[PDB]
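Reconstructed Cβ throughout: ideal geometry from the backbone, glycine too, with neighbour counts over all protein chains shown. None of the figures in this text is laboratory data; all of them are computed from the coordinates on show.
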Amino acid sequence: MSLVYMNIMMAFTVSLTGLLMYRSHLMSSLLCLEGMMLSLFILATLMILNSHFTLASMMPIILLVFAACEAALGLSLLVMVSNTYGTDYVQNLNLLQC
Amino acid sequence: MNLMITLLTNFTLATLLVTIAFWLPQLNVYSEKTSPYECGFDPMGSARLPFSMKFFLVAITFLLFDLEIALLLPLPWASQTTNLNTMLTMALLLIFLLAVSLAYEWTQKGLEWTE
Amino acid sequence: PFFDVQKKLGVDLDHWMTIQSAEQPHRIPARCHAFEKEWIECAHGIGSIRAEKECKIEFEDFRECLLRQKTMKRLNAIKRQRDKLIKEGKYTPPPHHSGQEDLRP
Amino acid sequence: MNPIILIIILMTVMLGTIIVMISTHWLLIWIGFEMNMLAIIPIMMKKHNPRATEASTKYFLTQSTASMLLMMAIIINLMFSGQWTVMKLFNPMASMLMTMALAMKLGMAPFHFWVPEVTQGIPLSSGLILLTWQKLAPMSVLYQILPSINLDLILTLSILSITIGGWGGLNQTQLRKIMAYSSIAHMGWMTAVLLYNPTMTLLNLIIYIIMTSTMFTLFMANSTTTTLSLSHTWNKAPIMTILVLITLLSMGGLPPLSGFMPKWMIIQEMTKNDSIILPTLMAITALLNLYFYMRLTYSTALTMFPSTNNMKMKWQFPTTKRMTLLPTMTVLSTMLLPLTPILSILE
Amino acid sequence: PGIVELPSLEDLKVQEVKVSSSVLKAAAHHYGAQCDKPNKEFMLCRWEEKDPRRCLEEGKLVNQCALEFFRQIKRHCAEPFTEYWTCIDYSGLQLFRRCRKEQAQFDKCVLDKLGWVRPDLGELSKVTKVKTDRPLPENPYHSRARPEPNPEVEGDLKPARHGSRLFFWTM
Amino acid sequence: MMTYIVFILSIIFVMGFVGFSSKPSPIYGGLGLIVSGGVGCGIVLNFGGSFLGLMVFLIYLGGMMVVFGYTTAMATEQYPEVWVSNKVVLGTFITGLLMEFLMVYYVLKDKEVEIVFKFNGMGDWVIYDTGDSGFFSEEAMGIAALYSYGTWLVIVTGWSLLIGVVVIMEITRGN
Amino acid sequence: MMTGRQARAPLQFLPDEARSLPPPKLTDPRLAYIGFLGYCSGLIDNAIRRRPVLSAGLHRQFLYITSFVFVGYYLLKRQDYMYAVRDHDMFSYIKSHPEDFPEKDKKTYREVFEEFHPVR
Amino acid sequence: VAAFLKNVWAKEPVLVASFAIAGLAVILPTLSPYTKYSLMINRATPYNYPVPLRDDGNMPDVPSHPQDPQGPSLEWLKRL
Amino acid sequence: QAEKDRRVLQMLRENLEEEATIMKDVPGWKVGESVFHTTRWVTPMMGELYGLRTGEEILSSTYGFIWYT
Amino acid sequence: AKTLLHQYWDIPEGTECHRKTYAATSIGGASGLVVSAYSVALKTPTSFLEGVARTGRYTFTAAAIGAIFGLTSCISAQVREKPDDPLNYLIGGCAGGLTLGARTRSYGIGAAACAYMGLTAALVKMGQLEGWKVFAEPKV
Ligand SMILES: CCCCCCCCCCCCCCCCCC(=O)OC[C@H](COP(=O)([O-])OCC[N+](C)(C)C)OC(=O)CCCCCCCCCCCCCCCCC
Ligand SMILES: CCCCCCCCCCCCCCCCCC(=O)OC[C@H](COP(=O)(O)OCCN)OC(=O)CCCCCCCCCCCCCCCCC
Ligand SMILES: CCCCCCCCCCCCCCCCCC(=O)OC[C@H](COP(=O)(O)OCCN)OC(=O)CCCCCCCCCCCCCCCCC
Ligand SMILES: CCCCCCCCCCCCCCCCCC(=O)OC[C@H](COP(=O)(O)OCCN)OC(=O)CCCCCCCCCCCCCCCCC
């Protein structure tokens, strides 16, 4: 393929290996999720605009909408965590080990 | 071509007004002037403590609402299509669902602040 | 399981965005409309097992239209050879390739 | 939770799974998966205890990673094919990424880590809803892309899931962890035979759904969460002990019960394609599932464990729970063998 | 694969209409009305052949007819058309509504001297029919022979032989 | 070297992705994601999709601002790490930048690279189309066809957003 | 398998070709077994709710066996249709490709040679 | 329902105004006779080229010249 | 349309005639060989036209409209 | 890992002991690297030195088992002039089991590993001789 495709795929892999190794902080993992969503959006719209597939231009923006359909949800899964414990560390989420 | 030239010009004009503001005058730095200002007395605790927010629910609602109204932004261009009844019905349905979500937030005391 | 509700009720839901040869707005054609049309018309109703080896020429041409790998390889080879001849001093660019070219209109 | 909101959320879960099942577009598949995850998150948060918050957080992180991988594979297939038809893929990397994403969504090993913890941290209703209904859409997506999965990858995933579930089911006293490891082993069993004939996969899915629903509904009726209360059930109602005994004997793959229905015919589809080592290893590994099922039956029905004094009062109050479809489901899960060719309707 | 066929540089040589864009826009409607048949023939050939190399002569005829049209304008109505295209050329958006008086002068002069009538609203966007003698391309997409489809299913559905034939089951 | 403008913008894109994916602290992660969103909207604007780039820029700016409010509120530390306060964060940032620039140097030498797919080394300006698009931009008509054609997509998206609002109400309740 | 066969006319329980087959009799042994399954379900429903299992709710047991017989009859109709489809497709493919299924000679045992292994 | 309307107009007039505007915007386009005018105005705008048809010999509805009387005219749009 | 057709045909012919002069000593090369198996006309790609020209024409052609103010 | 098994299996049995031993050492080292990577992933060591010590220990143990198995199998195949015979692989499997027992400093583990890995290696040679398939390409 081209060059910008390689760079966007490299960015996606960089954000993927950023996500898969946690650093004791949930917000950083949520930022990694948003970054992978952004990389997928950019790759999709790059391919669509290159191939002149006009009717698929409804695809990325609609896709972007569903980003919040998890991302904001992740924040709603944090506040109860931050009400259970004083911080948002991922090492405090080990009660389900027995 | 012109947009990056304008961006670089404005960035250069902004960033030149601090190095002029830094290297020009006579400076006198001691370890009492640069302390954090808390109305004459030294503060209790740090400024990096958890600042317990109240409007988290409305923040998540704004997170959904920004893009859920960004879906409504191509409505000018959507007025140029041949099929107009379907476009009008879908746009009215979208804003009606927005109004239903806002009313559900209002009635369940979701817009009020905690504590 | 794939409960094909759409053809059962005749209701179109997402068949218009499936391919680039469908009813586009204002009849805007894709850059590889002809190749995809030929590949679809070749591999219609013969099954995927037969279509993987009976209509491979049209699908290969469509894939070449989508990503332009062989065109990039040919252009890279031509540019590399041109730069090598320039570096050896054996080639001079033509006047119409250097800027003073006087195009048609 | 308001009953209206609960009904709306359950209808949204059903609508998302239906959207995944009936759509002919990859973006609609991903949209249905996202809607299913979003509407299945608060079901686990029904009782508002911390363990629900840990289970919801772990499930959300795993499902978000799986959805990201699925969308990346969809975009790569779009790049290499230029269309959106839900059919065989045209890139082996896209097939690998889709198989990994669907393995994470199905909880198949070595992506099985979240399954017992999420199952243990949530109530029995959300656990049953998860372990039965949420394992329908990814199996349909795997059914659709049948000429695309690498054989070695899916077979390695299947044997790994079967071995890991059989090994993990031995060291548990909580019932929900036992059901989760059993679900992982059955997941491996269904994905072992998928590339040969998916009709056997659909048969195994139906049988596994029926038996899992029967066991979970019996757990509702007995109001048991651990092995000790399930043992204590003999004082309240011995008919429940009989039902759980015959059900756990069914899930062990013991004839003439309906749990011998899938596995046997799964073997019948692996020897026609000249694979004799793998079904033998798979049956030998399913002996471990039979082992901890036998341990559960020994604790529950075949031995009379000691009880407490307060159970006397429970003798004066009959059960008033809505045991929906429990006798029909038990009969289906136990005595369905002589109707074996009924599976021909699944073609 | 095959070598791409390209016409030589002598075949493409033609005297081009070397006027500005505003000159073309100012006399767009009369050019559309008067020189309609060769442009229509050329664009029908372009939409039916799907190949610029097979529509070269029609493009040559289109250029010749447009040059004849501008030559006929230049012989009689040089200065009102000069004023009109200058007034159109001044505007940044090349608006038609900013130059109505010079326009009215230009079509009045060209109607009195040449008998040309500006078409009304929506006339130039009409779809017409073209009488042409060239044969239709029987295969314009350069497709090869399609594979033969699989045979269909026909006949009565007889009952299954000895039932399911599955292990010991008799039906 | 102005013909490689999209390539340079993509280099800054992966640079920002390395910057915030090392997870130093969510403030600077948000700053890195803002920079990455800006150069990404620049890339897609260079490909012609100005509306999509402006929309993703606005959406991600709003999302990152709400995120920053959350981390100031809830995910904070006495001593946040900028990039060098932690050895592991600085180390992985350095190796990410090193791997990116190594890939740049390798693709800028023989104009070809094999990372799992195969990629060229010429600028992307070759793959553009040579013809005009008339009196409309294709992306604008394509997104405007959401209401005239995509009724099912609009219905399921509106239902998903309404259900999401209800879900946000139900999760953060406490009883 | 037969998915393409269910491609032109999908989501049909019984197509127009299923009506040319003989329907199963009401005295089918499988139908009687499904009715017995319904009777067992009625017995279990009476048993798990502390009711007399052979007397309480005769209408409930009647509806149980009636619904079981109904669903079992329709499922048996579909099963017979699918097996008829399998046999018809197999015979059509055998007839369509005679070179792939060539006839073999039937040598008598006076001509064929079998090795004898003594037991001693 | 007059008492409820008066009470809600005295308490929260903004919601009453919003609901009245919404009700008019919903029920009004189905009553006005000018929606078809918008339909043919949008359909009469020439984005694409009117590609001609080959003259087989029997096409009485399409013209040979744009100035011929046959064809879809827009004197109604000029009048309005 | 006619002017654009003649222009792109002229550019393709000019690039074809200078391809043989550039590549004459390379082994196994075929001048003007297509990359598509069909003989149908395809729309020329921007790299096929401006491959042997200076960068100012590149920036005027493939980036001129987007960068124009 | 496809090329390692193909590299080990295309060398004729009982012909070159050193190349077969090196290939078996590489296979054992790869398997030990996978095992140690999963071990240091799921069970975090207390320090970097402990983690690299565990990784080196697992890799060395698996490499020693593979090397001794390959050397013993090739030695048996050369000594007996029976290249297509599973008993040489049984002997090599028992030698690897004794190596595992020596590395684990116990005798019962060595005996059990001898028995089970000898049966497994004999079965592997049997499948290579008879053309058995473990991941069968579907055909019906
Ligand atoms: C109670 C304890 C002891 C139990 C002992 C049970 C028997 C021991 C041996 C069982 C082997 C497995 C079944 C083999 C069936 C073979 C059928 C057949 O067609 O064979 C020809 C087929 C031939 O392959 P094919 O038919 O696919 O190929 C066509 C034929 N050729 C080869 C000519 C091209 O054999 C096989 O496929 C391999 C057979 C050996 C399988 C080895 C793996 C299993 C090892 C034994 C495990 C036993 C359980 C251990 C645990 C017990 C519980 C603790
Ligand atoms: C079908 C019409 C179109 C409908 C869809 C489009 C709607 C567009 C406008 C969207 C509005 C979104 C927000 C709506 C919130 C309504 C619920 C609510 O919050 O009610 C509370 C309010 C009483 O106030 P209180 O309880 O104190 O509020 C707390 C802090 N103020 O309660 C009230 O004040 C009462 C609110 C309900 C009654 C309103 C009556 C309006 C009548 C207008 C004239 C007739 C219109 C006829 C059309 C049908 C109307 C139902
Ligand atoms: C090839 C593809 C085939 C696809 C087949 C699809 C078939 C239909 C869908 C089946 C999937 C499961 C559907 C039900 C999901 C679970 C619903 C659930 O958990 O409901 C909760 C409810 C709670 O009841 P209660 O005890 O009052 O509440 C306690 C307080 N929480 O109730 C309960 O907890 C009791 C259980 C209620 C539901 C039991 C019956 C349905 C599920 C089992 C299947 C039965 C056989 C029919 C289908 C056969 C094929 C699967
Ligand atoms: C470390 C902290 C940060 C430090 C550095 C800060 C730098 C300045 C940050 C603020 C400015 C951010 C700008 C982001 C991109 C904005 C794009 C834009 O303004 O586009 C406007 C316009 C779109 O119009 P369009 O429809 O395309 O018209 C073409 C037809 N005539 O576009 C055009 O007409 C096209 C003009 C040429 C466009 C070239 C491609 C985009 C160039 C992007 C430059 C880099 C932006 C970096 C942003 C970083 C943000 C943190």
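Screening the range D:194-235 for residues that are among the β-branched types (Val, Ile, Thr) and over 16 Å from the mean Cα position of the chain (by Cα) and picking the one that is nearest to the other protein chains (Cβ to nearest Cβ) gives D:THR199. All of (1) within 13 Å of chain G (Cβ to nearest Cβ); (2) under 20 Å from D:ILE206 (Cα atoms); (3) surrounded by 15 or more Cβ atoms within 10 Å (Cβ to Cβ) hold for D:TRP264 with one exception: (1).
Table: residues versus (1) within 16 Å of ligand 3 (Cβ to nearest atom); (2) more than 10 Å from the chain's Cα centre (by Cα); (3) in a loop (DSSP other than H, G, I, E, B); (4) in contact (Cβ under 8 Å) with a residue 24 or more places away in the chain.
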site: F:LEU9; (1), (2), (3), (4): no, yes, no, yes
site: F:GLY16; (1), (2), (3), (4): no, no, no, no
site: F:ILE34; (1), (2), (3), (4): no, no, no, yes
site: F:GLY38; (1), (2), (3), (4): no, no, no, no
site: F:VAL44; (1), (2), (3), (4): no, yes, no, no
site: F:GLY48; (1), (2), (3), (4): no, yes, yes, yes
site: F:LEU58; (1), (2), (3), (4): no, yes, no, no
site: F:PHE68; (1), (2), (3), (4): no, yes, no, yes
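Just checking, which of E:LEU12, E:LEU61, E:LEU67, E:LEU44 is part of a loop (DSSP other than H, G, I, E, B) and surrounded by 15 or more Cβ atoms within 10 Å (Cβ to Cβ)? Among E:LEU12, E:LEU61, E:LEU67, E:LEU44, only E:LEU12 is part of a loop (DSSP other than H, G, I, E, B) and surrounded by 15 or more Cβ atoms within 10 Å (Cβ to Cβ). Of the candidates B:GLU32, B:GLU112, the single residue that is within 16 Å of ligand 2 (Cβ to nearest atom), of a type outside the set (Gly, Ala, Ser), over 30 Å from F:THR151 (Cα atoms) and surrounded by fewer than 12 Cβ atoms within 10 Å (Cβ to Cβ) is B:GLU112. Within the range C:18-31, does at least one residue satisfy the condition of being without any contact (Cβ under 8 Å) to a residue 12 or more places away in the chain, farther than 22 Å from A:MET58 by Cβ and either facing another protein chain (nearest Cβ under 7 Å) or under 18 Å from the mean Cα position of the chain (by Cα) (or both)? No, that holds for no residue. Restricting attention to the range B:68-115, the residues that are at the interface with another protein chain (Cβ under 7 Å from one of its Cβ atoms) and among the acidic types (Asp, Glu) total 2.
For the range D:267-296, the candidate set comprises residues that are among the hydroxyl-bearing types (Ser, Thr, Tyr) and surrounded by 19 or more Cβ atoms within 10 Å (Cβ to Cβ); within that set, the residue that is nearest to ligand 3 (Cβ to nearest atom) is D:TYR293. Has the range F:100-122 got any residue that is under 30 Å from D:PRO92 (Cβ atoms), in contact with a helix residue (DSSP H, G or I) (Cβ under 9 Å, 6 or more places away or on another chain) and buried (at least 22 other Cβ atoms within 10 Å of the Cβ)? Yes, because at least one residue in the range F:100-122 is under 30 Å from D:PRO92 (Cβ atoms), in contact with a helix residue (DSSP H, G or I) (Cβ under 9 Å, 6 or more places away or on another chain) and buried (at least 22 other Cβ atoms within 10 Å of the Cβ). So which of F:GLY158, F:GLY150, F:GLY164 ends up being under 30 Å from D:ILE22 (Cα atoms), more than 7 Å from chain A (Cβ to nearest Cβ), crowded, with 20+ Cβ neighbours inside 10 Å and not aromatic (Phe, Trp, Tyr)? On inspection, the qualifying residue turns out to be F:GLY158. From the list I:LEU49, I:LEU59, which residue is over 30 Å from C:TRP39 (Cα atoms), part of a helix (DSSP H, G or I) and facing chain F (nearest Cβ under 10 Å)? Of I:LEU49, I:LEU59, the one residue that is over 30 Å from C:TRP39 (Cα atoms), part of a helix (DSSP H, G or I) and facing chain F (nearest Cβ under 10 Å) is I:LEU59. For the range D:73-91, the count of residues that are closer than 18 Å to D:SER183 by Cα and of a type in the set (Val, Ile, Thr) is zero. Quick one: is A:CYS98 facing chain F (nearest Cβ under 8 Å) and either part of a helix (DSSP H, G or I) or surrounded by fewer than 21 Cβ atoms within 10 Å (Cβ to Cβ) (or both)? No, not satisfied.
Every test in (1) closer than 27 Å to A:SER39 by Cα; (2) within 14 Å of chain A (Cβ to nearest Cβ); (3) hydroxyl-bearing (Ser, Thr, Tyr) is passed by D:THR119 save one, and that test is (1). Restricting the first member to the range H:11-36 and to residues that are assigned to a helix (DSSP H, G or I), and the second to residues that are more than 16 Å from ligand 4 (Cβ to nearest atom) and polar (S, T, N, Q), the beta-carbon pairs closer than 8 Å and six or more apart or on different chains are H:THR35/B:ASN85.
Which of the residues spanning the range F:89-131 are within 14 Å of chain I (Cβ to nearest Cβ), outside any helix (DSSP H, G or I) and without any contact (Cβ under 8 Å) to a residue 12 or more places away in the chain? Passing the criteria: F:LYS111, F:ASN120, F:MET122, F:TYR128, F:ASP129, F:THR130, F:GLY131.
Of the helices (runs of 4 or more DSSP H) lying entirely inside the range C:39-105, those containing at least 3 residues that are surrounded by 18 or more Cβ atoms within 10 Å (Cβ to Cβ) and more than 8 Å from chain I (Cβ to nearest Cβ) span C:56-67.
Considered as a group, the residues in the range I:35-55 that are crowded, with 17+ Cβ neighbours inside 10 Å and hydroxyl-bearing (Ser, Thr, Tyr) include one that is nearest to the chain's Cα centre (by Cα), and that residue is I:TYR50. Can you name every residue in the range A:44-91 that is in contact with a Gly (Cβ under 9 Å, 6 or more places away or on another chain) and under 30 Å from B:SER52 (Cα atoms)? Result: A:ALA67, A:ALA68, A:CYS69, A:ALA71, A:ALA72, A:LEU73, A:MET80, A:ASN83.
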